[PDB]
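Text of the file input-v8.txt, holding compact mmCIF, C-alpha atoms and all ligand atoms:
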# COMPACT_ATOMS: atom_id res chain seq x y z
CA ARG A 384 -21.24 18.04 -7.88
CA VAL A 385 -18.79 20.08 -5.86
CA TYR A 386 -16.98 18.73 -2.82
CA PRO A 387 -15.73 21.16 -0.17
CA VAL A 388 -12.95 20.36 2.25
CA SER A 389 -13.67 18.93 5.70
CA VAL A 390 -11.88 21.92 7.24
CA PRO A 391 -11.71 24.95 4.92
CA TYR A 392 -8.23 26.00 3.92
CA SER A 393 -6.71 28.62 6.21
CA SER A 394 -3.91 30.88 4.97
CA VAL A 403 2.46 22.64 14.10
CA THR A 404 2.95 18.88 14.44
CA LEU A 405 0.35 16.43 13.16
CA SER A 406 -1.58 13.64 14.91
CA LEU A 407 -4.60 11.33 14.46
CA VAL A 408 -6.94 9.61 16.93
CA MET A 409 -6.75 5.83 16.91
CA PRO A 410 -9.91 3.67 16.90
CA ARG B 5 16.45 -22.41 17.11
CA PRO B 6 14.14 -20.77 19.64
CA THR B 7 11.46 -22.57 21.58
CA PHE B 8 7.97 -22.15 20.18
CA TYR B 9 4.55 -22.30 21.77
CA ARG B 10 1.07 -22.94 20.37
CA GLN B 11 -2.27 -21.17 20.80
CA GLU B 12 -5.53 -21.09 18.82
CA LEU B 13 -6.91 -17.80 17.53
CA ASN B 14 -10.04 -17.33 15.41
CA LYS B 15 -10.08 -21.14 15.28
CA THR B 16 -6.56 -21.75 13.96
CA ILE B 17 -3.33 -22.64 15.70
CA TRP B 18 -0.31 -20.33 15.79
CA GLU B 19 3.27 -21.48 16.49
CA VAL B 20 5.62 -18.59 17.35
CA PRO B 21 8.90 -17.97 19.15
CA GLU B 22 8.52 -17.25 22.84
CA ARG B 23 9.69 -13.67 22.24
CA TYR B 24 6.31 -12.60 20.79
CA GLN B 25 3.73 -12.40 23.60
CA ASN B 26 0.09 -11.47 24.25
CA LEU B 27 -0.87 -12.23 20.64
CA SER B 28 -4.15 -10.52 19.65
CA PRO B 29 -5.98 -10.58 16.27
CA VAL B 30 -6.37 -7.25 14.46
CA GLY B 31 -8.18 -8.34 11.30
CA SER B 32 -7.29 -9.51 7.81
CA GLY B 33 -4.27 -9.02 5.58
CA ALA B 34 -3.18 -10.29 2.20
CA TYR B 35 -3.76 -14.06 1.95
CA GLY B 36 -3.82 -14.46 5.74
CA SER B 37 -4.68 -12.90 9.09
CA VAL B 38 -2.53 -10.83 11.41
CA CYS B 39 -2.06 -10.43 15.17
CA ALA B 40 -0.72 -7.57 17.25
CA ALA B 41 1.96 -8.91 19.55
CA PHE B 42 4.50 -7.70 22.11
CA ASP B 43 8.11 -8.57 21.26
CA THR B 44 9.88 -9.38 24.53
CA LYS B 45 13.26 -9.34 22.81
CA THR B 46 12.96 -5.73 21.68
CA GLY B 47 10.13 -4.19 23.72
CA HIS B 48 8.14 -3.08 20.63
CA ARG B 49 4.61 -3.90 19.58
CA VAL B 50 4.64 -5.94 16.38
CA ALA B 51 2.07 -7.13 13.84
CA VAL B 52 2.37 -10.82 12.91
CA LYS B 53 0.74 -12.20 9.72
CA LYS B 54 0.33 -15.96 9.22
CA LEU B 55 -0.32 -16.72 5.56
CA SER B 56 -3.10 -19.08 4.42
CA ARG B 57 -2.19 -22.44 2.83
CA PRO B 58 1.03 -20.95 1.38
CA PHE B 59 1.88 -24.05 -0.69
CA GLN B 60 -1.59 -25.51 -1.35
CA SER B 61 -2.51 -23.92 -4.70
CA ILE B 62 -0.05 -23.17 -7.49
CA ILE B 63 -0.80 -19.46 -7.28
CA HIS B 64 -0.40 -19.78 -3.53
CA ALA B 65 3.21 -20.97 -3.71
CA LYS B 66 3.80 -18.21 -6.25
CA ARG B 67 1.82 -15.72 -4.18
CA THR B 68 3.70 -16.80 -1.07
CA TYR B 69 7.14 -16.56 -2.67
CA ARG B 70 6.21 -13.19 -4.15
CA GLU B 71 5.21 -11.46 -0.93
CA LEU B 72 8.26 -12.69 0.99
CA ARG B 73 10.47 -11.58 -1.88
CA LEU B 74 8.93 -8.06 -1.87
CA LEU B 75 8.92 -7.79 1.90
CA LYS B 76 12.57 -8.79 2.16
CA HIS B 77 13.53 -6.11 -0.33
CA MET B 78 11.49 -3.14 0.96
CA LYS B 79 13.50 -0.90 3.29
CA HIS B 80 11.75 2.47 3.61
CA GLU B 81 9.96 4.47 6.30
CA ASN B 82 6.65 4.62 4.43
CA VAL B 83 6.81 1.05 3.18
CA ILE B 84 6.06 -1.90 5.43
CA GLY B 85 9.22 -3.90 5.99
CA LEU B 86 9.99 -7.15 7.75
CA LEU B 87 11.29 -7.19 11.30
CA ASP B 88 11.30 -10.99 11.14
CA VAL B 89 10.07 -14.11 9.31
CA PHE B 90 9.86 -17.54 10.91
CA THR B 91 8.26 -20.98 10.62
CA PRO B 92 7.87 -23.67 13.30
CA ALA B 93 9.46 -26.23 10.94
CA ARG B 94 13.05 -27.30 11.63
CA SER B 95 13.87 -28.36 8.05
CA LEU B 96 12.43 -28.10 4.56
CA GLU B 97 10.78 -31.52 4.82
CA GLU B 98 8.35 -30.15 7.42
CA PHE B 99 8.18 -26.58 6.02
CA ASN B 100 4.43 -25.79 5.91
CA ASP B 101 3.51 -22.43 7.43
CA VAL B 102 5.04 -18.95 7.17
CA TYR B 103 4.69 -15.98 9.52
CA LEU B 104 5.65 -12.43 8.64
CA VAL B 105 6.13 -9.70 11.29
CA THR B 106 6.36 -5.92 11.09
CA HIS B 107 6.12 -2.83 13.27
CA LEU B 108 2.59 -2.64 14.63
CA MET B 109 0.63 0.27 13.19
CA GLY B 110 -2.50 1.48 14.92
CA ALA B 111 -4.90 2.23 12.04
CA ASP B 112 -5.48 2.42 8.29
CA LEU B 113 -6.72 5.52 6.43
CA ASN B 114 -10.14 3.94 5.99
CA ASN B 115 -10.63 3.91 9.77
CA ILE B 116 -9.22 7.44 10.13
CA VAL B 117 -11.44 9.26 7.65
CA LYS B 118 -14.37 7.23 9.05
CA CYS B 119 -13.90 8.92 12.44
CA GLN B 120 -12.37 12.39 11.87
CA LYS B 121 -11.98 15.28 9.55
CA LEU B 122 -8.51 16.14 8.29
CA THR B 123 -6.72 19.43 7.83
CA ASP B 124 -4.75 20.55 4.86
CA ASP B 125 -1.70 19.97 7.04
CA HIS B 126 -2.81 16.37 7.60
CA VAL B 127 -3.43 15.64 3.93
CA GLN B 128 -0.21 17.51 3.10
CA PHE B 129 1.84 15.12 5.18
CA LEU B 130 -0.17 11.93 4.52
CA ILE B 131 -0.19 12.35 0.74
CA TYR B 132 3.50 13.33 0.91
CA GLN B 133 4.38 10.03 2.59
CA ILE B 134 2.48 7.92 0.05
CA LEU B 135 4.37 9.38 -2.92
CA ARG B 136 7.69 8.93 -1.13
CA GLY B 137 6.82 5.26 -0.75
CA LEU B 138 5.54 5.20 -4.33
CA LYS B 139 8.77 6.80 -5.63
CA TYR B 140 10.73 4.14 -3.82
CA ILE B 141 8.45 1.28 -4.90
CA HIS B 142 8.06 2.44 -8.51
CA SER B 143 11.83 2.80 -8.71
CA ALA B 144 12.24 -0.97 -8.28
CA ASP B 145 9.80 -1.58 -11.16
CA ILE B 146 7.08 -2.60 -8.68
CA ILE B 147 3.52 -1.30 -9.13
CA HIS B 148 1.16 -1.29 -6.21
CA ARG B 149 -1.90 -1.40 -8.57
CA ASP B 150 -4.45 -1.82 -5.77
CA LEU B 151 -3.70 1.33 -3.82
CA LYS B 152 -6.61 2.20 -1.56
CA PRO B 153 -7.20 3.64 1.89
CA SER B 154 -7.23 0.27 3.65
CA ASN B 155 -3.70 -0.35 2.30
CA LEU B 156 -2.26 2.65 4.10
CA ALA B 157 -1.25 2.10 7.71
CA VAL B 158 -0.97 5.03 10.08
CA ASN B 159 0.21 5.87 13.56
CA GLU B 160 -0.91 8.26 16.27
CA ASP B 161 1.97 10.43 15.03
CA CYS B 162 0.49 10.76 11.48
CA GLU B 163 3.19 8.42 10.10
CA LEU B 164 2.05 6.42 7.04
CA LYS B 165 3.13 3.06 5.54
CA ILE B 166 2.09 1.45 2.28
CA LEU B 167 1.29 -2.19 2.39
CA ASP B 168 0.04 -4.97 0.11
CA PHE B 169 1.95 -3.50 -2.86
CA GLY B 170 2.97 -5.62 -5.83
CA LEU B 171 0.69 -8.47 -4.82
CA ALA B 172 -2.26 -7.90 -7.17
CA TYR B 182 -13.03 -6.23 -3.94
CA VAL B 183 -16.03 -3.96 -4.08
CA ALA B 184 -14.35 -1.04 -2.33
CA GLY B 185 -11.19 -1.42 -4.43
CA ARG B 186 -13.07 -0.54 -7.62
CA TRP B 187 -13.29 3.09 -6.51
CA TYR B 188 -9.58 3.84 -6.73
CA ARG B 189 -8.63 1.90 -9.81
CA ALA B 190 -7.31 3.74 -12.81
CA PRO B 191 -9.86 3.45 -15.66
CA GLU B 192 -7.53 1.80 -18.19
CA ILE B 193 -7.00 -1.04 -15.68
CA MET B 194 -10.62 -1.53 -14.58
CA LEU B 195 -11.69 -1.89 -18.22
CA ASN B 196 -8.44 -3.32 -19.75
CA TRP B 197 -7.75 -0.30 -22.01
CA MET B 198 -3.96 -0.52 -22.38
CA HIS B 199 -0.92 -2.09 -20.81
CA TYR B 200 -0.79 -0.54 -17.33
CA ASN B 201 2.16 1.63 -16.42
CA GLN B 202 3.23 2.90 -12.97
CA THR B 203 1.02 6.04 -12.97
CA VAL B 204 -1.94 3.70 -12.38
CA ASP B 205 -1.09 4.19 -8.71
CA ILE B 206 -1.03 7.97 -8.97
CA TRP B 207 -4.67 7.82 -10.10
CA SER B 208 -5.39 5.98 -6.87
CA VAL B 209 -3.39 8.63 -5.07
CA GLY B 210 -5.66 11.27 -6.62
CA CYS B 211 -8.77 9.50 -5.51
CA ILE B 212 -7.37 9.08 -1.99
CA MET B 213 -6.20 12.67 -1.52
CA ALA B 214 -9.58 13.97 -2.68
CA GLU B 215 -11.30 11.60 -0.31
CA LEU B 216 -8.97 12.59 2.57
CA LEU B 217 -9.77 16.27 2.05
CA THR B 218 -13.56 15.77 1.79
CA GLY B 219 -14.34 12.70 3.83
CA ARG B 220 -16.32 11.11 0.95
CA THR B 221 -15.32 8.64 -1.75
CA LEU B 222 -14.70 10.61 -4.98
CA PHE B 223 -15.94 8.08 -7.58
CA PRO B 224 -18.17 5.61 -5.74
CA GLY B 225 -19.24 3.84 -8.94
CA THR B 226 -21.92 1.19 -8.44
CA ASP B 227 -20.69 -1.15 -11.18
CA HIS B 228 -18.04 -1.15 -13.87
CA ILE B 229 -20.32 0.91 -16.12
CA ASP B 230 -21.37 3.52 -13.52
CA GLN B 231 -17.73 3.96 -12.42
CA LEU B 232 -16.71 5.38 -15.81
CA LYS B 233 -19.79 7.61 -15.86
CA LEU B 234 -18.75 9.11 -12.53
CA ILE B 235 -15.15 9.19 -13.80
CA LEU B 236 -16.00 11.11 -16.97
CA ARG B 237 -18.47 13.34 -15.10
CA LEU B 238 -15.59 15.15 -13.37
CA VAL B 239 -12.46 14.86 -15.52
CA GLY B 240 -14.16 15.35 -18.89
CA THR B 241 -14.27 13.37 -22.08
CA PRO B 242 -11.15 11.78 -23.57
CA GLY B 243 -9.20 14.35 -25.56
CA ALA B 244 -7.47 13.96 -28.93
CA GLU B 245 -5.33 10.81 -28.65
CA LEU B 246 -7.30 8.84 -26.08
CA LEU B 247 -9.39 6.59 -28.33
CA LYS B 248 -6.14 6.22 -30.27
CA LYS B 249 -4.86 4.17 -27.30
CA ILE B 250 -7.07 1.09 -26.98
CA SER B 261 -20.24 6.73 -27.93
CA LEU B 262 -21.44 8.55 -24.81
CA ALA B 263 -22.28 12.14 -23.87
CA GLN B 264 -19.50 14.65 -24.62
CA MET B 265 -19.00 16.21 -21.17
CA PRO B 266 -16.33 18.89 -20.65
CA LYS B 267 -13.44 18.86 -18.19
CA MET B 268 -14.17 20.44 -14.82
CA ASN B 269 -11.95 23.25 -13.62
CA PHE B 270 -10.82 21.55 -10.40
CA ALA B 271 -10.84 24.82 -8.44
CA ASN B 272 -14.62 24.90 -8.89
CA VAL B 273 -15.14 21.48 -7.30
CA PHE B 274 -12.94 21.44 -4.20
CA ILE B 275 -14.19 24.60 -2.56
CA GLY B 276 -12.17 25.96 0.34
CA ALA B 277 -9.11 23.93 -0.61
CA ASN B 278 -5.59 25.19 -0.73
CA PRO B 279 -5.31 26.17 -4.41
CA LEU B 280 -1.85 24.56 -4.32
CA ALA B 281 -3.54 21.24 -3.45
CA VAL B 282 -6.09 21.35 -6.25
CA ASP B 283 -3.37 22.04 -8.83
CA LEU B 284 -1.78 18.73 -7.82
CA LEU B 285 -5.13 16.93 -7.91
CA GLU B 286 -5.47 18.33 -11.43
CA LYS B 287 -2.08 16.90 -12.41
CA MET B 288 -2.77 13.46 -10.96
CA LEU B 289 -6.29 12.86 -12.20
CA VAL B 290 -5.44 13.15 -15.92
CA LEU B 291 -7.13 10.54 -18.10
CA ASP B 292 -4.21 9.95 -20.51
CA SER B 293 -1.62 7.91 -18.60
CA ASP B 294 1.12 9.63 -20.60
CA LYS B 295 0.00 12.92 -19.06
CA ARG B 296 -0.31 12.02 -15.36
CA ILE B 297 2.27 13.32 -12.93
CA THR B 298 4.74 10.80 -11.53
CA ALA B 299 5.49 10.14 -7.89
CA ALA B 300 9.03 11.43 -8.21
CA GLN B 301 7.64 14.38 -10.12
CA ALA B 302 4.73 14.97 -7.72
CA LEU B 303 7.12 15.12 -4.76
CA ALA B 304 8.91 18.29 -5.92
CA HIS B 305 5.66 20.24 -6.32
CA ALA B 306 5.04 23.18 -3.98
CA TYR B 307 2.19 21.69 -1.92
CA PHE B 308 4.88 19.50 -0.39
CA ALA B 309 7.46 22.30 -0.30
CA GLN B 310 7.22 22.21 3.52
CA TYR B 311 8.24 18.53 3.55
CA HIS B 312 9.85 18.33 0.08
CA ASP B 313 13.50 17.46 0.66
CA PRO B 314 15.25 16.00 -2.42
CA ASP B 315 18.05 14.83 -0.14
CA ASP B 316 15.67 12.52 1.82
CA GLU B 317 13.58 10.84 -0.91
CA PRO B 318 15.43 7.63 -1.71
CA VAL B 319 15.26 5.02 -4.43
CA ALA B 320 15.26 1.23 -3.93
CA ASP B 321 18.09 -1.11 -4.89
CA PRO B 322 17.51 -3.20 -8.04
CA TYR B 323 15.12 -6.06 -7.40
CA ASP B 324 15.09 -9.31 -9.37
CA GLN B 325 11.63 -10.35 -10.64
CA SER B 326 12.94 -13.08 -12.98
CA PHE B 327 10.88 -15.84 -11.34
CA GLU B 328 7.69 -14.07 -12.42
CA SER B 329 7.81 -15.44 -15.99
CA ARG B 330 8.94 -18.80 -14.60
CA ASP B 331 6.69 -21.85 -14.46
CA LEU B 332 8.07 -24.21 -11.78
CA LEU B 333 6.58 -26.79 -9.47
CA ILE B 334 5.10 -25.97 -6.08
CA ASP B 335 7.87 -27.95 -4.41
CA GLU B 336 10.41 -25.69 -6.08
CA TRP B 337 8.40 -22.59 -5.19
CA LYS B 338 8.27 -23.96 -1.61
CA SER B 339 12.02 -24.57 -1.60
CA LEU B 340 12.55 -21.07 -2.97
CA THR B 341 10.49 -19.57 -0.14
CA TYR B 342 12.13 -21.77 2.51
CA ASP B 343 15.45 -20.58 1.12
CA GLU B 344 14.23 -17.01 1.63
CA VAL B 345 12.97 -17.79 5.15
CA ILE B 346 16.30 -19.41 6.11
CA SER B 347 18.45 -16.66 4.65
CA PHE B 348 16.60 -13.92 6.55
CA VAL B 349 18.89 -11.39 8.25
CA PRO B 350 17.03 -9.31 10.88
CA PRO B 351 17.72 -5.57 10.78
CA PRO B 352 20.12 -3.71 13.13
CA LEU B 353 18.69 -3.86 16.68
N1 LIG C 1 -2.02 -3.32 12.61
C1 LIG C 1 -1.11 -3.69 11.54
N2 LIG C 1 0.19 -3.25 11.55
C2 LIG C 1 0.97 -3.60 10.55
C3 LIG C 1 0.49 -4.39 9.55
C4 LIG C 1 -0.79 -4.89 9.53
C5 LIG C 1 -1.33 -5.62 8.44
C6 LIG C 1 -0.68 -6.53 7.60
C7 LIG C 1 0.62 -7.03 7.69
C8 LIG C 1 1.54 -7.20 6.66
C9 LIG C 1 2.81 -7.70 6.93
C10 LIG C 1 3.15 -8.06 8.23
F1 LIG C 1 4.38 -8.54 8.48
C11 LIG C 1 2.24 -7.92 9.26
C12 LIG C 1 0.98 -7.42 8.97
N3 LIG C 1 -1.54 -6.92 6.66
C13 LIG C 1 -2.69 -6.28 6.85
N4 LIG C 1 -2.55 -5.48 7.92
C14 LIG C 1 -3.65 -4.61 8.43
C15 LIG C 1 -4.57 -4.21 7.31
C16 LIG C 1 -5.60 -3.18 7.81
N5 LIG C 1 -6.32 -3.71 9.01
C17 LIG C 1 -5.92 -5.14 9.34
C18 LIG C 1 -4.40 -5.37 9.49
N6 LIG C 1 -1.57 -4.49 10.54
Hey, can you dump this file as structure tokens for me?
Amino acid sequence: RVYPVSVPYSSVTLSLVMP
Amino acid sequence: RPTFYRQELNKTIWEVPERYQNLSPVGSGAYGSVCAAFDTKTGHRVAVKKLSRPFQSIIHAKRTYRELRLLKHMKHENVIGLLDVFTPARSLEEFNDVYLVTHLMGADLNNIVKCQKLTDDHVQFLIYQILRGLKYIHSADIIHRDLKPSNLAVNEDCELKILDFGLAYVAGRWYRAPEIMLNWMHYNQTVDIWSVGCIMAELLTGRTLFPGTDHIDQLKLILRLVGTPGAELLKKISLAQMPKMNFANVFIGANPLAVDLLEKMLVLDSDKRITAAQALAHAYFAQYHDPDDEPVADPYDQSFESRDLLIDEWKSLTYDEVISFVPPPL
């Protein structure tokens, strides 16, 4: 099986949403 | 000695200094349960863990001494540290319960991936932070050995902290190095890097990489991707002879720089896996890679580990640690 990335790689500060 | 107050939560009583306020349960932690609280001395939200029956069982006294020893030694941005440790007891003769407190983190990576996708920038930074922790932890001769997404605490600002290291069910099987699951050799530190591999791949994709259904299936899924054991291999301790996948072919649409690391971390022979300190310098982390900001821990004494003492001495050893606690610079 192959597993592709959630968001395909593209070739400026990070954050997440809290539950 | 500060004034305490009592209050029952999930049907047990908590005795805490007045400074911690609005205590609220946030789930389970290692050998206890933890509350989010507001610290009226400092203004920060804190997580408070009260450990379960710390000096009941023999393991428990050992398990309780062990955690407090590790938590008093760990001083690192990606490694949970102690803001405070207290007990309601005013001398050793009444010493019975122990509370640990740390900066409150909002989520763990299990909750994150279960509600969002993640960019290569996200996994770049997240993975980066884990191996900075791991470099620090490994450098004190401590192995996590149960590294898994629920052991990684994260903030709204993408900041990550390792917890529950050096303390070691169904979920945890997925991230265990094979030699440990099936007792193949004496485990070295790279056991955690295998878990790191599994986690990074699952952060990229959103799906557990090796969701083995039992001990036997796990290996089958393991060997299905990484290939059969090479030359040595069996010379380090009967099924289909599968070949090793070219990782580029599996993780489609990934940064090729990221898959090269995955390739280096998910190597079957422990001797061949990349190390945390090694993995840090690689180019996927070149954006965050800064050799001048990737520190090592001070030496840490684990002599008590081989020691067989009585629970009352283990209890006195912990109480000694509780008493001697020096809070960090406010
Ligand atoms: N929200 C949060 N923030 C920091 C830590 C914890 C925490 C602790 C822990 C360890 C030491 C300490 F001093 C205080 C708490 N143990 C498990 N967990 C989380 C594990 C994932 N969800 C439940 C709580 N939880």
Practice item. Starting from the point (-19.7, 7.1, -22.9), work out which residues of protein, DNA or RNA have an atom no more than 10 Å away when counting only C-alpha atoms; state them as a VMD selection string. Key: chain B and resid 229 232 to 233 236 241 to 242 261 to 265
Considering only C-alpha atoms, give me a table of residues in chain B that are at most 8 Å from chain A, with the closest atom pair and distance in Å for each, as a tab-separated table.
residue	atom	partner	partner_atom	distance
B:110	CA	A:409	CA	6.4
B:111	CA	A:409	CA	6.3
B:115	CA	A:410	CA	7.2
B:116	CA	A:409	CA	7.4
B:119	CA	A:410	CA	8.0
B:120	CA	A:408	CA	7.9
B:121	CA	A:389	CA	5.6
B:122	CA	A:389	CA	6.4
B:123	CA	A:390	CA	5.8
B:124	CA	A:392	CA	6.5
B:125	CA	A:405	CA	7.4
B:126	CA	A:405	CA	6.4
B:159	CA	A:407	CA	7.3
B:160	CA	A:407	CA	5.1
B:161	CA	A:406	CA	4.8
B:162	CA	A:406	CA	4.9
B:217	CA	A:388	CA	5.2
B:218	CA	A:388	CA	4.7
B:219	CA	A:389	CA	6.5
B:272	CA	A:385	CA	7.1
B:273	CA	A:385	CA	4.2
B:274	CA	A:387	CA	4.9
B:275	CA	A:387	CA	4.5
B:276	CA	A:391	CA	4.7
B:277	CA	A:392	CA	5.1
B:278	CA	A:392	CA	5.4
**Study point:** Protein and nucleic residues near ligand LIG 1 (chain C), 10 Å, all atoms listed in the file, as a ChimeraX atom specification
**Key:** /B:29-41,49-55,71-72,75,84-89,103-115,153-159,165-168
Practice item. In Å, rounded to a single decimal, give me how far atom CA of residue B:11 is from atom CA of residue B:43. Key: 16.3 Å
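Computed from the coordinates, the atom CA of residue B:150 to atom CA of residue B:320 distance equals 20.0 Å.
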Practice item. Within 8 Å of stretch 61-70 of chain B, counting only C-alpha atoms, which residues show up once you throw out same-chain ones fewer than 4 positions away? Write them as a PyMOL selection string, please. Key: chain B and resi 55+57+74+171+333-334+337-338+340-341
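Taking atom CA of residue B:250 and atom CA of residue B:235 as endpoints, the distance between them is 17.5 Å.
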